[PDB]
């Protein structure tokens, strides 16, 4: 039994998990967290279940993918996030805080002060949902992908793949989509990555934060 006392929990995000992320510089500069969230367990159940749009692109497009997305919009800002769980309003407030800017600056020596961001729920949940090898758009100065699954059968597919080239097989590292894990990097001419296609209809739940100066 635990003690009859308080315990410290400064924020939804453990900013020290960003400052002290695993940091690669080759193949490209990318941070990988563990235990990003101070209270991870309830986040899976609170992830939104409606409001998504399915989207796909095939070989006609410069990247291929199949997934569903629900963006945070100005409508959510104006209605005090009434259509989302309270934890997503808190996440938005923390991403928009000086603390997040300070953590990123310490981790990767990039200053995001005064930049803009988008924030969206990206759900992969049908067999074959994936995204093909891509760098991210160069208009993006930083991308931070956060995962929310409480459990994940690795044999399901769905790993984030860090790649050495535009080739699904040229894998340098993998990240499992488990709550607390996240990946943040500046898009560059060689920041190749992908998501291994799902082999099962199992929901793989993420949020992407996209930071930029020029709208895209």
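Residue numbers count along the first chain shown, from 1.
Look at the C-alpha B-factors of 76-84 and of 118-126. On average they run higher in 76-84. Comparing 96-104 with 135-143, the higher mean C-alpha B-factor in the PDB entry belongs to 135-143.
Considering 70, 61, 29, 188 together, the PDB entry gives 61 the largest C-alpha B factor. Remark: residue 37 belongs to the lowest third of its chain, ranked by C-alpha B-factor as recorded. In this PDB entry, the Cα temperature factor of residue 179 sits in the bottom third of its chain's modelled residues, the lowest group. When all modelled residues of the chain are sorted by CA temperature factor, residue 20 is found within the highest third. The entry lists a Cα temperature factor for residue 162 that places it in the lowest third of the chain's modelled residues. Looking at the C-alpha B-factors along this chain, the one for residue 12 belongs to the lowest third.
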